[PDB]
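A short write-up of the structure that comes next.
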Amino acid sequence: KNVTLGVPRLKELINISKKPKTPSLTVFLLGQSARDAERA
DNA sequence: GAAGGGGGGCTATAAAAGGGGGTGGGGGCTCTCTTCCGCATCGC
């Protein structure tokens, strides 16, 4: 995966934008899904 | 037919006369925010 970084990312944070260049969502699994690849 | 020659008109100078014509001068690239339109929704 690729995520915007450096100056272009700094702009998105201070130029707060409705549509980021590379929106992302880090999801953490709660139950047995976290420790089981099949269940994940 | 080329070339030199001769005769005559053009040029300026003043001045008057009177009118036509010439001349010049007026006038009828990217990101963000805002606005408008179509739609579906309820309401009465």
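A, B, ... follow the sequence lines: proteins, then strands. Residue 1 opens every chain. Values reported hereafter were calculated over all heavy atoms of this structure, with side chains retained and with hydrogens, waters and symmetry mates removed.
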Distance, rounded to the nearest Å, where [X] contributes [atom1] and [N] contributes [atom2]:
X	N	atom1	atom2	answer
A/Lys21	B/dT32	NZ	P	10 Å
A/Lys11	B/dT30	NZ	P	11 Å
A/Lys18	B/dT34	NZ	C1'	15 Å
A/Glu12	B/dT30	CD	P	16 Å

Check: Taking all non-hydrogen atoms of both residues, which atom of A/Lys21 and which atom of A/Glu12 are closest, and how far apart?
Finding: CB-OE2, 3.2 Å
Notebook entry, point to check: What closest approach, in Å, do A/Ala40 and A/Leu29 show between heavy atoms, and which atom pair accounts for it?
Noted result: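 It is CB-CD1, 3.4 Å.
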Notebook entry, point to check: Are B/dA14 and B/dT13 stacked, with six-ring centres under 5.5 Å and planes under 30°?
Noted result: yes
Note to self: Under the convention that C1'-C2'-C3'-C4' above zero is north and below zero is south, what is the pucker of B/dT30?
What the structure shows: south
Check: Just checking, is any N or O donor in the side chain of A/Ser17 or A/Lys11 under 3.5 Å from an acceptor N or O on the other one?
Finding: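 The answer is no; no qualifying pair exists.
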